[PDB]
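Engineer: The structure is given below, and queries will be raised subsequently.
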Protein chains: 4
Amino acid sequence: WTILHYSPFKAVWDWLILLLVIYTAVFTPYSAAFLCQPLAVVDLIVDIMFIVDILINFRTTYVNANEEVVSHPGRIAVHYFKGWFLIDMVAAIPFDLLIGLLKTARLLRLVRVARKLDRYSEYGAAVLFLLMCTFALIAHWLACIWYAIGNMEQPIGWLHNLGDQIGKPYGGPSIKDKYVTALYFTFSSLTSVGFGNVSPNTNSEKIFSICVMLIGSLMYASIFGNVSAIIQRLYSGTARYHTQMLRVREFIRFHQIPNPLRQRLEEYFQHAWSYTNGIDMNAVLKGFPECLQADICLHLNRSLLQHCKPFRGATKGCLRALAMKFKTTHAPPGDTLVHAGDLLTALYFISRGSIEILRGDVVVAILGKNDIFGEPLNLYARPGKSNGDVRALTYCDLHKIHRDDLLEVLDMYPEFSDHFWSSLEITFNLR
Amino acid sequence: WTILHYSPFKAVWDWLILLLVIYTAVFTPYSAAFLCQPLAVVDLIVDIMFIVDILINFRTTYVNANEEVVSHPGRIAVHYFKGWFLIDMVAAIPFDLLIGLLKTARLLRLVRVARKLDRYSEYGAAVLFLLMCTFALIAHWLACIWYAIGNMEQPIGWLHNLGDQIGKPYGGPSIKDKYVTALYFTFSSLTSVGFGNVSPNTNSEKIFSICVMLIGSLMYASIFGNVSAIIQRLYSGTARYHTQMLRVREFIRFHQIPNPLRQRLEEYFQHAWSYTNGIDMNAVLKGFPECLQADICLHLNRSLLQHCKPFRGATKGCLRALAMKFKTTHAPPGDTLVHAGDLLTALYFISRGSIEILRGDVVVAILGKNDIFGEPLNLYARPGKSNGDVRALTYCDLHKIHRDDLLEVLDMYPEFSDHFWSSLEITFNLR
Amino acid sequence: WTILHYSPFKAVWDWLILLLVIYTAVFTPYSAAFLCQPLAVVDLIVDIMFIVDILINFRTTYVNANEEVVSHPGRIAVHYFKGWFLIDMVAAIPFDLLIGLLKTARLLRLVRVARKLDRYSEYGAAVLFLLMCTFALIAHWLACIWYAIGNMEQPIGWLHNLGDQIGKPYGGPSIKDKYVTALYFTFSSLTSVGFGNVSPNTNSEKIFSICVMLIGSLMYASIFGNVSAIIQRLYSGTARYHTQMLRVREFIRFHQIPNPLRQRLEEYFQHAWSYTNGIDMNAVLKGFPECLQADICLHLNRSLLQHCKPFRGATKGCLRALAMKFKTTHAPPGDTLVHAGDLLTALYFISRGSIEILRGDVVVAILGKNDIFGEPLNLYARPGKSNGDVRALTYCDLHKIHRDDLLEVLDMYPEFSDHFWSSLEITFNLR
Amino acid sequence: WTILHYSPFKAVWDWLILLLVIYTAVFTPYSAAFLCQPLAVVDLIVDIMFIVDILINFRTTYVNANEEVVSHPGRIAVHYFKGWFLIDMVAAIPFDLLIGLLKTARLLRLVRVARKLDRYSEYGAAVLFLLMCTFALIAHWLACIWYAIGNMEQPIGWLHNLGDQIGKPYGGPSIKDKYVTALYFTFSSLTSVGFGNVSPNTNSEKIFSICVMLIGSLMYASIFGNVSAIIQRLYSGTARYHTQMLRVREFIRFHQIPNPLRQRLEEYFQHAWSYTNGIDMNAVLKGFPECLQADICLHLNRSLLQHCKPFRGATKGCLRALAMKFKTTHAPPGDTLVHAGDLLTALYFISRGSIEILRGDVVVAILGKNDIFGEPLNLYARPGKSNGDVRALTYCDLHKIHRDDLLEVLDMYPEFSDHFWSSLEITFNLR
């Protein structure tokens with residue numbers, strides 16, 4: 001019989017709650033200070049509907065410390081009592097039985113809004129809008145208090161000054177002026193503008209103005225703090241890029257760094273920023289625990305797996321392991337690399353693109369579109385020179401493994417090692 | 001005979017000292033500028049009680065550079081002399097023998113407050129309250145200076161303007177106005193409001209006001225700096241969470257990251273944020289020196305120790321070592337893990353929860369509530385396939401060990417190794 | 001037939017676009033509010049030349065998502081339509097067929113500038129200039145709104161106040177005043193100055209001023225945020241240096257650190273700051289992938305390569321590998337180092353400068369200008385004492401290698417190992 | 001014949017230069033706008049002494065790009081010419097031959113002040129004083145411009161307003177008022193105060209005020225940025241401490257962390273903060289290159305070296321190695337440590353303090369004041385239990401070594417190994 005707290009009707013009712021909150025919180029001070037009709041019935045049904053809201057909250061489930069979803073509305077009643085229940089009941093209890101300062105039930109009703117502010121917030125802009133709303137409500141309350149003070153003082157007052165400024169000698173000025181000007185004065189001494197139209201004359205008004213500038217200074221400082229925090233959070237990335245640029249530039253300046261080489265270094269730096277954005281993929285990859293890494297590495301072997309004939313029959317564990325042990329050597333187009341006479345323990349395949357091998361003005365291995373090169377590991381397995389020098393060409397992505405790593409991972413499982421060695425296809429072996 | 005400086009009566013006396021500080025520092029300028037009775041006796045007994053305070057400070061111990069607690073009040077007298085003793089004696093010496101500017105003893109008495117500000121502070125809010133108190137005292141002093149200037153100039157002055165504004169032609173205005181309006185003018189030219197009620201007329205008050213807005217600008221800048229620092233300290237955590245979210249999002253975007261996999265990655269990311277809050281437990285665990293780590297790791301073996309029958313008879317050193325060398329594999333509910341045909345050097349038990357093992361549609365090992373699975377290490381000890389594939393289930397916490405690590409730690413002490421091998425219970429051996 | 005989007009004539013035309021944008025945006029509100037001639041023809045040819053601009057954008061290429069450069073202007077048309085094309089069409093369509101609020105074509109024309117602000121920006125100063133331009137345009141618009149309100153209200157208004165202040169009783173004041181004073185009032189209520197010359201009288205201008213104060217507060221907060229971010233970005237380096245000095249100072253204070261030794265430590269600290277600036281070269285060197293490191297390390301072997309006779313015949317693989325594996329020991333002038341009886345596996349050479357070897361008051365090896373010292377490795381290869389103690393001298397750059405690395409890299413290349421051992425020249429072997 | 005640029009007389013002359021800079025830069029606008037005598041002679045000898053300064057700068061050396069100290073003043077002249085020489089000559093060339101705007105020589109003289117600002121600055125407070133000086137000079141110049149505008153306009157002006165406010169109907173007001181009020185107005189529209197005493201009347205002063213508040217807003221933003229940067233630099237350490245405390249607290253909360261253990265953890269955290277202040281000594285120690293580390297480690301062996309009899313005969317290489325390879329185990333008073341049945345590869349001595357060994361209610365080894373305990377390494381050298389359990393006592397400083405490290409470092413040096421083994425003293429061997 002109990003409803004769940006994820007019910008959409010509950011969300012609609014909560015939005016209606018917020019609408020009532022703002023409506024009463026703005027109307028009641030204005031009517032109590034500046035000022036029959038169905039509005040009295042509306043005021044009564046406000047508390048009636050908040051009692052109904054208490055009933056719904058008892059009906060709808062809640063989130064306990066241990067149990068996220070719990071039945072038995074009695075438990076809802078028992079935890080809610082002696083707490084938010086008191087606040088909501090006070091907000092729902094009329095005191096009809098003038099004197100409007102006792103109407104703190106509306107004031108305590110925003111405690112519920114502060115309870116649900118986290119649900120309200122989705123990003124930082126809504127926070128700025130919320131502080132703007134608080135700006136408006138604070139201004140309204142201060143203007144109403146100022147209007148009350150001005151009325152009380154009247155038996156040279158600010159009201160006389162207003163009557164002298166806008167033509168209405170006294171009777172007195174109309175109701176619209178006595179509120180627009182009150183808000184005008186409130187904003188006058190909140191943002192430290194200081195107009196000359198209206199200004200306190202009596203001592204009580206001066207003390208009130210003192211409190212006003214104190215509160216305004218505090219909240220204005222809060223606004224600057226939040227704005228500065230947001231701006232710095234946004235521009236931290238640009239500051240970071242400046243930092244990498246600074247280290248690159250100082251390193252280049254410190255070590256002579258001949259001009260063609262400085263040009264290549266800055267080119268590679270800007271290229272790396274283009275896609276990495278400074279953030280290395282290795283760190284985030286290593287942050288994932290075990291099986292996540294094994295699964296995600298296989299997504300990179302979507303270029304070599306399906307094109308290599310033997311690897312179709314491989315087991316899933318072997319594929320995931322070897323996926324953890326492939327490294328796609330990312331290189332900008334037009335790079336020279338390992339030459340003849342170097343080490344041959346670093347085995348190399350291709351993933352995409354194309355490259356050239358000029359072993360003394362002889363063009364070989366112009367392949368690279370999911371292509372295969374390398375050396376025989378069963379018999380030869382000797383370091384030294386394989387074919388010769390590799391030359392610069394278009395987009396350079398190769399496929400790295402290691403001589404020791406491949407053999408040790410392959411010998412653990414013999415049948416597919418035999419399958420791979422028997423079906424050892426190379427598009428162009430570097431010989 | 002000497003009292004200790006941690007005496008609560010000393011704390012009560014220090015609070016009375018602070019009360020006297022604020023009371024005199026507020027009252028004396030107001031009485032000297034704007035203004036018999038027991039107040040003269042009160043003023044005299046202020047200095048009398050501060051001499052008594054000097055006597056108590058000699059009686060109560062102090063904290064030396066080497067010795068935290070030291071007896072022999074003579075030592076207290078000797079270090080205190082030629083220093084804070086001079087300040088406190090000047091604060092305790094009356095100059096009765098008008099002219100109130102020589103009453104710098106109260107002004108020097110706040111040097112003691114600055115000496116004890118660190119004790120006063122517990123959190124940052126008290127600092128903001130202290131700066132608000134400085135606001136109030138600075139305002140009071142500047143208003144008193146303004147009132148003195150206004151009185152001195154009077155033989156078109158701002159006093160005449162005040163008499164013209166509030167009805168009191170001249171005689172002159174009452175005492176209450178000549179102070180409330182002074183404070184009003186003080187706050188007028190500190191928060192950059194600039195009202196039109198009161199404003200400087202001759203050169204002297206103009207120069208004084210220039211100094212006023214200079215000081216106001218400086219200290220207002222200080223207020224904004226402190227507020228911004230506090231706000232950024234508070235929201236650094238949210239900024240951090242934004243940073244992790246940014247790296248996750250950019251990594252997902254950069255590498256295609258198929259949709260089910262991106263969903264699992266973001267799910268694990270938010271899960272990790274839920275409890276870790278970015279901070280890995282491994283770093284802080286490794287931050288502790290040796291024995292602290294050994295003691296704290298045993299607190300995690302409160303689930304496997306008491307339920308494993310042989311481990312009751314184990315020696316405490318062996319238990320603390322093994323505690324340092326268990327790793328509870330935290331995994332979100334519904335995870336798949338190592339399959340058949342993989343390496344079996346990573347031995348595994350369970351800590352809490354439950355998991356499933358489907359080795360080709362056969363449900364085995366549905367246990368997990370402090371249960372034990374694995375392989376026999378005395379004879380078999382061979383990698384390969386143990387039982388088959390593990391499947392996704394509810395809350396996934398296992399118990400990680402290592403084949404070489406456990407054997408090397410166990411062979412160091414033979415008797416309990418024999419006990420463990422003899423009483424080698426497994427809830428369901430993966431065979 | 002299609003033009004390329006990197007054409008300089010396109011850049012000149014875009015500059016003309018911006019010029020027309022600013023002129024139209026500043027002139028049209030002023031003429032529509034405060035205010036035949038060739039200006040009507042100018043206004044028409046504005047839209048005509050913007051239609052021509054649409055034609056040029058059709059002719060000139062664009063950058064697609066996949067293809068940086070794309071031909072076939074039909075593709076440009078199909079991608080451009082239903083989007084920015086509508087913006088420039090509205091900006092280029094006259095509505096001649098008063099009422100100037102419909103002239104949103106200029107207002108939307110700033111959006112096309114806004115998409116290109118990234119190209120316009122080169123550094124942060126241009127951003128500040130752009131926000132100053134926004135200040136000017138916003139002020140102009142708000143002043144025009146104020147002037148319109150003042151005209152509409154006139155059937156005690158601020159126009160009467162202006163006529164009373166500057167002599168022009170009423171007829172009415174001249175056109176120049178009714179704009180300069182409007183801008184003056186606009187700046188009055190944006191920077192929170194609050195002059196007394198002009199001030200709102202009726203309700204409408206009070207509400208308008210309220211809106212102005214809110215906008216000014218928000219955008220002033222934005223200005224402070226940007227300025228603070230820029231300043232902190234500039235002074236982050238000094239902050240880093242101060243933090244480094246704090247670590248050095250606290251370490252020195254914590255561990256006694258005898259005075260001559262503290263002097264040497266701090267001297268080395270500012271020495272390292274002089275060229276490293278905190279930034280270690282090792283991290284950035286290891287940041288480069290493989291071949292970049294091999295190429296860049298050879299730039300440091302421009303001192304010993306050409307002076308060592310056997311290394312001329314060395315293969316480029318030898319040069320790149322060894323250059324990757326030489327380490328120049330940077331040391332401030334006047335340093336003492338490894339003595340007799342120490343480890344001799346750290347084979348040492350020189351790169352530049354000079355040093356002294358006093359093995360009991362005997363001056364040997366005063367060399368160092370691309371000089372060679374060391375030990376025989378073919379036969380002797382024994383650690384212990386080589387010659388004796390090294391003493392402090394002028395600028396200390398040695399040349400570090402290590403015993404095991406050199407043999408294991410050099411034996412793999414037998415012909416050059418034989419060449420090096422046969423031609424093993426040492427300026428002064430430490431014996 | 002040439003003087004050196006580190007001459008103290010040069011420093012005195014530079015201070016005189018700065019004094020002349022400020023004196024002329026302040027006096028000349030005031031005399032040229034608001035306003036025979038020896039002051040004309042003073043003005044002439046200003047340029048004469050600046051020509052003398054050019055002569056001295058030629059005589060005194062300078063710092064070249066390569067050579068820090070360079071002789072041959074001809075080189076000084078040739079490097080100085082076409083640059084700072086032009087600025088200083090213009091500052092030293094009178095234009096006597098009214099019109100005071102051509103007196104830009106004083107304005108260009110501050111370019112040298114900006115050239116030497118780095119020498120002037122020692123800490124950040126001098127920077128704030130410099131910006132305050134800029135505040136004063138800018139205010140003075142703007143007030144002079146305002147006075148010039150007011151004088152030019154006079155044929156309702158602000159001069160008439162001033163004459164109406166302070167009694168001086170017109171003749172006209174005295175000179176002191178016409179400057180104090182100008183400066184008052186200048187500060188009025190820079191700090192956004194906005195008084196009502198003086199305010200622009202015609203268009204020209206309104207535009208001038210526009211420029212004034214624009215400059216004021218910009219430079220006020222600069223002031224806030226600098227202040228905030230300084231404050232955050234100061235409070236970064238407290239931020240670091242709070243972050244560390246947050247890590248500790250979240251770790252404690254996340255893992256239950258029984259109450260006595262949480263108390264010990266927080267105690268150790270605050271104890272580590274007491275002297276480390278978060279900064280580990282290991283990182284800074286490892287930052288020093290080689291010989292610095294070897295020298296600094298010996299400073300920690302000032303407690304065990306002189307008290308161990310064999311170590312007196314040790315060679316300095318022996319000493320540097322051994323001192324490098326101890327780690328003094330800092331432990332808070334009252335700690336328990338390695339028990340019986342553990343591993344004995346971690347050899348241990350003591351450096352200061354005292355500890356207890358209760359191997360089943362038997363008090364042994366209550367020593368610790370530069371005392372030695374351990375095991376025989378020649379014959380026994382077996383892990384296991386040595387004496388039993390160590391118990392909590394006062395300040396716990398032990399002396400850590402390692403079984404494998406010490407044997408390998410000591411057997412390399414046979415004679416001292418024999419000396420140490422023969423004279424192998426132990427205060428209490430744990431048996």
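So you can find residues: chains in the structure tokens are A, B, ... in the order shown, residues in each start at 1, and ligands are numbered from 1 in order.
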Mind listing as a PyMOL selection string which residues of chain C are within 6 Å of chain D, counting only C-alpha atoms?
Structural biologist: chain C and resi 192-196+224+228+342
Engineer: Step one, run DSSP on the backbone; step two, keep only residues of segment 196-378 of chain D assigned to strand (DSSP E or B); then write them as a list in words.
Structural biologist: residues 327, 330, 331, 348, 349, 350, 351, 352, 353, 356, 357, 358, 363 and 364 of chain D
Engineer: Please identify which residues in segment 57-160 of chain D DSSP calls helix (DSSP H, G or I) from the backbone, and express them as a VMD selection string.
Structural biologist: chain D and resid 57 to 59 73 to 80 84 to 92 104 to 115 117 to 120 124 to 153 158 to 160
Engineer: Using only C-alpha atoms, which residues sit within 10 Å of residue 304 of chain B once same-chain residues fewer than 5 positions away are excluded, as a VMD selection string?
Structural biologist: chain B and resid 309 311 349 to 352 369 to 372 399
Engineer: Here is a test: counting only C-alpha atoms, which residue of A:133, A:358, A:406, A:63 is nearest to residue 389 of chain A?
Structural biologist: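 Using only C-alpha atoms, residue 389 of chain A sits closest to A:358.
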Engineer: Please identify all polymer residues within 7 Å of segment 378-384 of chain B, counting only C-alpha atoms, omitting same-chain residues fewer than 2 positions from it, and present them as a VMD selection string.
Structural biologist: chain B and resid 341 to 345 376 386
Engineer: For the residues in the current selection, export N, CA and C atoms as a CSV table (one decimal), in the first residue's frame.
Structural biologist:
chain,number,residue,atom,x,y,z
B,341,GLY,N,42.1,-21.7,-18.6
B,341,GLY,CA,43.2,-21.6,-19.6
B,341,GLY,C,44.2,-20.5,-19.3
B,342,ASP,N,44.0,-19.8,-18.2
B,342,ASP,CA,44.9,-18.6,-17.8
B,342,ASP,C,46.0,-19.1,-16.9
B,343,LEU,N,46.7,-18.2,-16.2
B,343,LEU,CA,47.7,-18.5,-15.3
B,343,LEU,C,47.0,-18.7,-13.9
B,344,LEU,N,47.6,-19.6,-13.1
B,344,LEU,CA,47.0,-20.0,-11.8
B,344,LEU,C,48.0,-19.6,-10.7
B,345,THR,N,48.9,-18.7,-10.9
B,345,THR,CA,49.9,-18.3,-9.9
B,345,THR,C,49.2,-17.4,-8.9
B,376,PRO,N,45.3,-27.1,-4.9
B,376,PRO,CA,46.3,-27.8,-4.0
B,376,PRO,C,47.8,-27.5,-4.4
B,386,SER,N,41.8,-24.3,-13.6
B,386,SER,CA,41.4,-24.9,-12.4
B,386,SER,C,40.0,-25.5,-12.4
Engineer: Just want the 9 Å neighbourhood of residue 244 of chain D, counted on only C-alpha atoms, with same-chain residues fewer than 5 positions away dropped. Output as a PyMOL selection string.
Structural biologist: chain D and resi 239+249+269+278
Engineer: Output C-alpha atoms of each residue in that selection to a file, as an mmCIF file, in the first residue's frame.
Structural biologist:
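The result, stored in part_31.cif:
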data_model
loop_
_atom_site.group_PDB
_atom_site.id
_atom_site.type_symbol
_atom_site.label_atom_id
_atom_site.label_comp_id
_atom_site.auth_asym_id
_atom_site.auth_seq_id
_atom_site.Cartn_x
_atom_site.Cartn_y
_atom_site.Cartn_z
ATOM 1 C CA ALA D 239 45.676 24.162 3.211
ATOM 2 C CA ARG D 249 40.089 11.202 8.621
ATOM 3 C CA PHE D 269 49.884 11.991 12.330
ATOM 4 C CA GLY D 278 54.272 17.063 5.831
#
Engineer: Just the residues within 9 Å of residue 77 of chain C, please, counting only C-alpha atoms, with nothing from its chain fewer than 5 positions along; format it as a list in words.
Structural biologist: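 What passes the distance filter is residues 57, 58 and 85 of chain C.
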